[PDB]
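Student: Contents of final39.pdb (PDB, C-alpha atoms) are below:
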```pdb
MODEL        1
ATOM      1  CA  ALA A   1     -68.401 -87.520  21.057  1.00  0.00           C
ATOM      2  CA  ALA A   2     -66.393 -90.708  21.413  1.00  0.00           C
ATOM      3  CA  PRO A   3     -63.335 -89.610  19.422  1.00  0.00           C
ATOM      4  CA  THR A   4     -61.846 -86.811  21.489  1.00  0.00           C
ATOM      5  CA  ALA A   5     -59.067 -86.089  23.955  1.00  0.00           C
ATOM      6  CA  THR A   6     -59.482 -84.712  27.455  1.00  0.00           C
ATOM      7  CA  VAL A   7     -57.395 -83.642  30.426  1.00  0.00           C
ATOM      8  CA  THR A   8     -57.889 -85.044  33.907  1.00  0.00           C
ATOM      9  CA  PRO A   9     -58.440 -81.516  35.235  1.00  0.00           C
ATOM     10  CA  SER A  10     -60.893 -78.986  33.856  1.00  0.00           C
ATOM     11  CA  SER A  11     -60.209 -75.897  35.936  1.00  0.00           C
ATOM     12  CA  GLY A  12     -57.964 -74.431  38.605  1.00  0.00           C
ATOM     13  CA  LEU A  13     -54.902 -75.349  36.579  1.00  0.00           C
ATOM     14  CA  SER A  14     -51.860 -73.270  35.710  1.00  0.00           C
ATOM     15  CA  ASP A  15     -49.983 -71.819  32.761  1.00  0.00           C
ATOM     16  CA  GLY A  16     -48.767 -75.064  31.240  1.00  0.00           C
ATOM     17  CA  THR A  17     -50.502 -77.450  33.611  1.00  0.00           C
ATOM     18  CA  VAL A  18     -48.937 -80.570  32.146  1.00  0.00           C
ATOM     19  CA  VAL A  19     -51.243 -83.221  33.554  1.00  0.00           C
ATOM     20  CA  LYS A  20     -52.442 -86.647  32.484  1.00  0.00           C
ATOM     21  CA  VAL A  21     -54.500 -86.660  29.308  1.00  0.00           C
ATOM     22  CA  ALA A  22     -56.317 -89.396  27.427  1.00  0.00           C
ATOM     23  CA  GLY A  23     -58.645 -89.659  24.454  1.00  0.00           C
ATOM     24  CA  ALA A  24     -58.601 -88.503  20.851  1.00  0.00           C
ATOM     25  CA  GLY A  25     -59.769 -89.559  17.410  1.00  0.00           C
ATOM     26  CA  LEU A  26     -59.467 -93.026  18.901  1.00  0.00           C
ATOM     27  CA  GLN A  27     -57.307 -94.301  16.066  1.00  0.00           C
ATOM     28  CA  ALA A  28     -54.704 -96.890  16.990  1.00  0.00           C
ATOM     29  CA  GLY A  29     -51.266 -95.997  18.296  1.00  0.00           C
ATOM     30  CA  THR A  30     -51.506 -93.142  15.824  1.00  0.00           C
ATOM     31  CA  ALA A  31     -50.015 -89.701  16.337  1.00  0.00           C
ATOM     32  CA  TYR A  32     -52.202 -86.910  17.663  1.00  0.00           C
ATOM     33  CA  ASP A  33     -50.418 -83.572  17.741  1.00  0.00           C
ATOM     34  CA  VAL A  34     -51.807 -81.858  20.816  1.00  0.00           C
ATOM     35  CA  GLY A  35     -53.724 -78.643  20.262  1.00  0.00           C
ATOM     36  CA  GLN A  36     -54.915 -75.689  22.305  1.00  0.00           C
ATOM     37  CA  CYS A  37     -57.444 -73.068  21.276  1.00  0.00           C
ATOM     38  CA  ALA A  38     -59.453 -70.390  23.041  1.00  0.00           C
ATOM     39  CA  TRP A  39     -63.228 -70.592  22.853  1.00  0.00           C
ATOM     40  CA  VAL A  40     -64.603 -67.120  23.465  1.00  0.00           C
ATOM     41  CA  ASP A  41     -67.969 -66.073  22.084  1.00  0.00           C
ATOM     42  CA  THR A  42     -68.081 -69.290  20.090  1.00  0.00           C
ATOM     43  CA  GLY A  43     -67.766 -67.338  16.863  1.00  0.00           C
ATOM     44  CA  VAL A  44     -64.453 -66.161  18.267  1.00  0.00           C
ATOM     45  CA  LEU A  45     -62.114 -69.113  18.636  1.00  0.00           C
ATOM     46  CA  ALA A  46     -58.424 -68.280  18.768  1.00  0.00           C
ATOM     47  CA  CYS A  47     -56.534 -71.501  18.155  1.00  0.00           C
ATOM     48  CA  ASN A  48     -52.967 -71.855  19.372  1.00  0.00           C
ATOM     49  CA  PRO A  49     -50.842 -73.113  16.469  1.00  0.00           C
ATOM     50  CA  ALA A  50     -47.988 -73.453  18.931  1.00  0.00           C
ATOM     51  CA  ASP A  51     -49.256 -76.453  20.861  1.00  0.00           C
ATOM     52  CA  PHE A  52     -46.531 -78.591  19.332  1.00  0.00           C
ATOM     53  CA  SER A  53     -47.199 -81.198  21.992  1.00  0.00           C
ATOM     54  CA  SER A  54     -47.990 -84.617  20.574  1.00  0.00           C
ATOM     55  CA  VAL A  55     -49.952 -87.481  22.083  1.00  0.00           C
ATOM     56  CA  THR A  56     -49.960 -91.103  20.984  1.00  0.00           C
ATOM     57  CA  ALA A  57     -52.998 -93.350  20.757  1.00  0.00           C
ATOM     58  CA  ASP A  58     -53.352 -96.618  22.632  1.00  0.00           C
ATOM     59  CA  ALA A  59     -54.469 -99.792  20.900  1.00  0.00           C
ATOM     60  CA  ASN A  60     -58.095 -98.710  20.808  1.00  0.00           C
ATOM     61  CA  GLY A  61     -56.744 -95.434  19.481  1.00  0.00           C
ATOM     62  CA  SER A  62     -57.279 -93.268  22.537  1.00  0.00           C
ATOM     63  CA  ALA A  63     -54.466 -90.858  23.312  1.00  0.00           C
ATOM     64  CA  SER A  64     -52.579 -91.198  26.577  1.00  0.00           C
ATOM     65  CA  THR A  65     -49.947 -88.795  27.849  1.00  0.00           C
ATOM     66  CA  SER A  66     -49.268 -85.529  29.639  1.00  0.00           C
ATOM     67  CA  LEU A  67     -50.574 -82.419  27.926  1.00  0.00           C
ATOM     68  CA  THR A  68     -49.682 -78.855  28.837  1.00  0.00           C
ATOM     69  CA  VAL A  69     -52.862 -77.057  29.825  1.00  0.00           C
ATOM     70  CA  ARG A  70     -51.411 -73.655  29.018  1.00  0.00           C
ATOM     71  CA  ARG A  71     -53.044 -70.742  30.798  1.00  0.00           C
ATOM     72  CA  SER A  72     -52.049 -67.508  29.101  1.00  0.00           C
ATOM     73  CA  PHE A  73     -50.572 -67.014  25.652  1.00  0.00           C
ATOM     74  CA  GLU A  74     -51.138 -65.659  22.162  1.00  0.00           C
ATOM     75  CA  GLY A  75     -53.933 -67.180  20.114  1.00  0.00           C
ATOM     76  CA  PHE A  76     -55.482 -66.472  16.734  1.00  0.00           C
ATOM     77  CA  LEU A  77     -58.886 -66.974  15.160  1.00  0.00           C
ATOM     78  CA  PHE A  78     -57.610 -68.608  11.993  1.00  0.00           C
ATOM     79  CA  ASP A  79     -57.576 -65.912   9.338  1.00  0.00           C
ATOM     80  CA  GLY A  80     -59.412 -62.831  10.548  1.00  0.00           C
ATOM     81  CA  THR A  81     -58.680 -61.773  14.108  1.00  0.00           C
ATOM     82  CA  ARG A  82     -55.999 -62.504  16.678  1.00  0.00           C
ATOM     83  CA  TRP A  83     -56.338 -63.032  20.411  1.00  0.00           C
ATOM     84  CA  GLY A  84     -52.917 -61.980  21.645  1.00  0.00           C
ATOM     85  CA  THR A  85     -50.461 -62.820  24.400  1.00  0.00           C
ATOM     86  CA  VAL A  86     -53.182 -62.504  27.012  1.00  0.00           C
ATOM     87  CA  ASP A  87     -54.726 -64.720  29.663  1.00  0.00           C
ATOM     88  CA  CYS A  88     -56.841 -67.511  28.228  1.00  0.00           C
ATOM     89  CA  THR A  89     -58.416 -68.247  31.590  1.00  0.00           C
ATOM     90  CA  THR A  90     -60.706 -65.373  30.686  1.00  0.00           C
ATOM     91  CA  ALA A  91     -61.807 -67.239  27.581  1.00  0.00           C
ATOM     92  CA  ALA A  92     -61.648 -70.638  29.239  1.00  0.00           C
ATOM     93  CA  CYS A  93     -59.235 -71.954  26.637  1.00  0.00           C
ATOM     94  CA  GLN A  94     -59.353 -75.618  25.697  1.00  0.00           C
ATOM     95  CA  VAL A  95     -56.904 -78.415  24.985  1.00  0.00           C
ATOM     96  CA  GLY A  96     -57.704 -81.377  22.768  1.00  0.00           C
ATOM     97  CA  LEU A  97     -56.150 -83.797  20.307  1.00  0.00           C
ATOM     98  CA  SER A  98     -54.980 -82.530  16.940  1.00  0.00           C
ATOM     99  CA  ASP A  99     -53.970 -84.401  13.808  1.00  0.00           C
ATOM    100  CA  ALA A 100     -51.568 -83.432  11.048  1.00  0.00           C
ATOM    101  CA  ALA A 101     -54.683 -82.565   9.081  1.00  0.00           C
ATOM    102  CA  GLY A 102     -56.044 -80.097  11.608  1.00  0.00           C
ATOM    103  CA  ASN A 103     -59.320 -81.949  12.010  1.00  0.00           C
ATOM    104  CA  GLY A 104     -62.245 -80.230  13.688  1.00  0.00           C
ATOM    105  CA  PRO A 105     -61.634 -78.165  16.833  1.00  0.00           C
ATOM    106  CA  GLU A 106     -61.463 -79.572  20.343  1.00  0.00           C
ATOM    107  CA  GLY A 107     -63.953 -79.114  23.157  1.00  0.00           C
ATOM    108  CA  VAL A 108     -62.007 -79.401  26.390  1.00  0.00           C
ATOM    109  CA  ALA A 109     -62.739 -76.070  28.032  1.00  0.00           C
ATOM    110  CA  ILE A 110     -60.422 -76.021  31.026  1.00  0.00           C
ATOM    111  CA  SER A 111     -60.249 -73.210  33.554  1.00  0.00           C
ATOM    112  CA  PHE A 112     -56.687 -71.931  33.613  1.00  0.00           C
ATOM    113  CA  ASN A 113     -55.279 -70.155  36.645  1.00  0.00           C
TER     114      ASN A 113
ENDMDL
END
```
Is it possible to give me this structure as structure tokens?

Tutor:
Amino acid sequence: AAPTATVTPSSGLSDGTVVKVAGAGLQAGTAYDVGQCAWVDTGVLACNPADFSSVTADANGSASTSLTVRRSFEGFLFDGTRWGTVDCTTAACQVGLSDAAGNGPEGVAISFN
């Protein structure tokens, strides 16, 4: 998993722990709309289509910027079930890089306060 974004921290953060973040599809100074989902029982992944945040790639194509490691919020599977404005720390949400195409999901399970 070379192409992927990650956040310095990975637990003991806070609701909107905007910390340093690097990595992504490893494009090249390309845009990488930040994303945040909630990985529960695997089959239950409530993505957060409210990330908004956007990270830019660096030469190589690796993102580099501060991403908000939200803690609690309202997530949604995708078209079946909805998480809800609840704590994500219970589902060890995750924050990764996202394109304007909504490529595959992330894999940065961070422990939110």

Student: When you draw a straight line from CA of residue 109 (chain A) to CA of residue 64 (chain A), how long is it in Å?

Tutor: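 Separation between CA of residue 109 (chain A) and CA of residue 64 (chain A): 18.3 Å.
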
Student: Figure out the distance between CA of residue 81 (chain A) and CA of residue 34 (chain A), please, to one decimal in Å.

Tutor: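 Separation of CA of residue 34 (chain A) and CA of residue 81 (chain A): 22.3 Å.
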
Student: For the file shown, what are the residues hit by the PyMOL selection byres ((chain A and resi 65) around 7), laid out as a ChimeraX atom specification?

Tutor: /A:20-22,55,63-64,66-67

Student: For the selection you just gave me, I'd like the residues written to a file as an mmCIF file, keeping the file's coordinate frame, keeping C-alpha atoms.

Tutor:
```cif
data_model
loop_
_atom_site.group_PDB
_atom_site.id
_atom_site.type_symbol
_atom_site.label_atom_id
_atom_site.label_comp_id
_atom_site.auth_asym_id
_atom_site.auth_seq_id
_atom_site.Cartn_x
_atom_site.Cartn_y
_atom_site.Cartn_z
ATOM 1 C CA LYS A 20 -52.442 -86.647 32.484
ATOM 2 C CA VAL A 21 -54.500 -86.660 29.308
ATOM 3 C CA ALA A 22 -56.317 -89.396 27.427
ATOM 4 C CA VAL A 55 -49.952 -87.481 22.083
ATOM 5 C CA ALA A 63 -54.466 -90.858 23.312
ATOM 6 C CA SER A 64 -52.579 -91.198 26.577
ATOM 7 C CA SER A 66 -49.268 -85.529 29.639
ATOM 8 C CA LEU A 67 -50.574 -82.419 27.926
#
```

Student: For the provided coordinates, the residues matched by the PyMOL selection byres ((chain A and resi 61) around 7) should be stated as a list in words.

Tutor: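 Selected by the PyMOL selection byres ((chain A and resi 61) around 7) here: residues 25, 26, 27, 28, 29, 30, 57, 58, 59, 60, 62 and 63 of chain A.
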
Student: With distances taken over all atoms listed in the file, which of A:79, A:95, A:102, A:40 is nearest to residue 17 (chain A)?

Tutor: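 Smallest distance to residue 17 (chain A) is found for A:95.
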
Student: Mind listing whatever residues come within 10 Å of the point (-46.8, -72.1, 18.7)? Use only C-alpha atoms, file coordinates, and give them as a PyMOL selection string.

Tutor: chain A and resi 35-36+47-53+73-75

Student: Let's have the selection written as a PDB file, keeping the file's coordinate frame, with C-alpha atoms.

Tutor:
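selection-v1.pdb written:
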```
ATOM      1  CA  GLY A  35     -53.724 -78.643  20.262  1.00  0.00           C
ATOM      2  CA  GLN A  36     -54.915 -75.689  22.305  1.00  0.00           C
ATOM      3  CA  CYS A  47     -56.534 -71.501  18.155  1.00  0.00           C
ATOM      4  CA  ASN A  48     -52.967 -71.855  19.372  1.00  0.00           C
ATOM      5  CA  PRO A  49     -50.842 -73.113  16.469  1.00  0.00           C
ATOM      6  CA  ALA A  50     -47.988 -73.453  18.931  1.00  0.00           C
ATOM      7  CA  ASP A  51     -49.256 -76.453  20.861  1.00  0.00           C
ATOM      8  CA  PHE A  52     -46.531 -78.591  19.332  1.00  0.00           C
ATOM      9  CA  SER A  53     -47.199 -81.198  21.992  1.00  0.00           C
ATOM     10  CA  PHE A  73     -50.572 -67.014  25.652  1.00  0.00           C
ATOM     11  CA  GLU A  74     -51.138 -65.659  22.162  1.00  0.00           C
ATOM     12  CA  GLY A  75     -53.933 -67.180  20.114  1.00  0.00           C
TER      13      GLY A  75
END
```

Student: Name the residues that the PyMOL selection byres ((chain A and resi 70) around 7) picks from the file above, as number ranges by chain, using the file's chain letters and numbers.

Tutor: A: 14-17, 68-69, 71-72

Student: Enclose the full set of atoms of region 55-66 of chain A listed in the file within a box whose edges lie along x, y and z, apply 8 Å of padding to each of the six sides, and report centre and edge lengths in Å to one decimal as lines of an AutoDock Vina configuration file.

Tutor:
```
center_x = -53.7
center_y = -92.7
center_z = 24.6
size_x = 24.8
size_y = 30.3
size_z = 26.2
```

Student: In Å, rounded to a single decimal, give me how far CA of residue 11 (chain A) is from CA of residue 83 (chain A).

Tutor: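 Here the two named atoms are 20.5 Å from each other.
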
Student: Can you work out which one of A:45, A:104, A:98, A:56 has the shortest atom-to-atom distance to residue 82 (chain A), counting all atoms listed in the file?

Tutor: A:45

Student: With all atoms listed in the file as the basis for distance, which of A:100, A:88, A:77, A:18 is at the shortest distance from residue 112 (chain A)?

Tutor: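 For residue 112 (chain A), the nearest of the candidates is A:88.
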
Student: I need the residue nearest residue 107 (chain A) from this list: A:33, A:78, A:8, A:38. Use all atoms listed in the file for the distance.

Tutor: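 Going through A:33, A:78, A:8, A:38 one by one, the smallest distance to residue 107 (chain A) is for A:38.
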
Student: Given only C-alpha atoms as the basis, pick out the residue of A:37, A:31, A:44, A:2 nearest to residue 108 (chain A).

Tutor: A:37

Student: So, counting only C-alpha atoms, which residue among A:42, A:19, A:32, A:85 is closest to residue 103 (chain A)?

Tutor: A:32
